[PDB]
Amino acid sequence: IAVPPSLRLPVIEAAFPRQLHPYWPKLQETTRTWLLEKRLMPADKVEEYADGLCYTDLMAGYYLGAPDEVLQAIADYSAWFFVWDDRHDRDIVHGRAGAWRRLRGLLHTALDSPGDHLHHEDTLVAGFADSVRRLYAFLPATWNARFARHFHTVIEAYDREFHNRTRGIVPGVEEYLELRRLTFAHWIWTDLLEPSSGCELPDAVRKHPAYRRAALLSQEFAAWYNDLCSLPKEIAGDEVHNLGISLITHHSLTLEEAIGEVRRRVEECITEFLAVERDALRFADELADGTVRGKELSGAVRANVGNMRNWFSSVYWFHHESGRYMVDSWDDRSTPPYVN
């Protein structure tokens, strides 16, 4: 309830009130069981840590209005995503370049044919395939293909991160901001707005400048606020990918100065979002031209922009609730207790 001053965003607390999807209690346990049954974490670590990681809370505060089974698929995928980030980190730390390379190729393949990988020997690949197959069942194949196109790009950004960290390369500020839109998977979360509101948006709608800019700002806030909040753990873990680190490294900023510059950029996302949110909601109003399809399109854009806004509050409170970032409570600050 009380946020550290250096992380506190009064505009979020006053103007972005938290929302919670009514399915969240069953969501929490169902994802916990999925992590167990897919063997994505040891049973000991699931029982001790899964709930305290707040992964399902993060999604349940974001995709409001989603059908229960859509939110379940999203939450399982999101938990898988955190575990994949953990495997990526461990492969880097132990120099398992071959294991990472093979996983990367398997994920590319599984992304295009998830059914063929539902029982793969690698449980991380099998869990990926199961979540992706379920996400592919909600909307037409044209949405499935866009999801895959986007996630192929994400996988390759993770590979670039692998190269950067093994070689000890800190990306430039602009290089990093470009790469961060892919490692954070901006466009996957944006894609998943549409099954949550039940509608694949035509390209002309979702590429409207107000929709695109609202969608961008929501994810930039989420990624850069994560950078601000995960900075201690990431410095502790020899992580190089973080806006603050790029600023210290290439703009010769101190730690206090870089934190302040990240904080400022986070705050600007909020007020930039508020301005373009008005345009995006005017756009939704214009889509209701009187036809049945127009009303559905209008409702779906409104829902999605609504959830772009919810992302701000969900991500904010998640970083203060989740055990994932409490580096100060670990016996080994470079080894989070929840990774294998």
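Each residue number is its position in the shown sequence, starting from 1.
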| property | result |
| --- | --- |
| 73-81 versus 113-121 - greater average Cα B-factor per the deposited record | 113-121 |
| Residue stretch of maximal mean CA temperature factor, 247-255 vs 134-142 | 247-255 |
| Top residue by Cα temperature factor, when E277, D68, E29, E296 are compared in the entry | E296 |
| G237, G105, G127, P195, ranked by C-alpha B-factor: the highest one | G237 |
| Ranked against its chain, the third holding the CA B-factor of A210 | middle |
| Relative C-alpha B-factor of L64, binned into the chain's lowest, middle or highest third | lowest |
| Relative C-alpha B-factor of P10, binned into the chain's lowest, middle or highest third | middle |
| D203 - Cα temperature factor, lowest/middle/highest third of chain | highest |
| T33 - Cα temperature factor, lowest/middle/highest third of chain | middle |
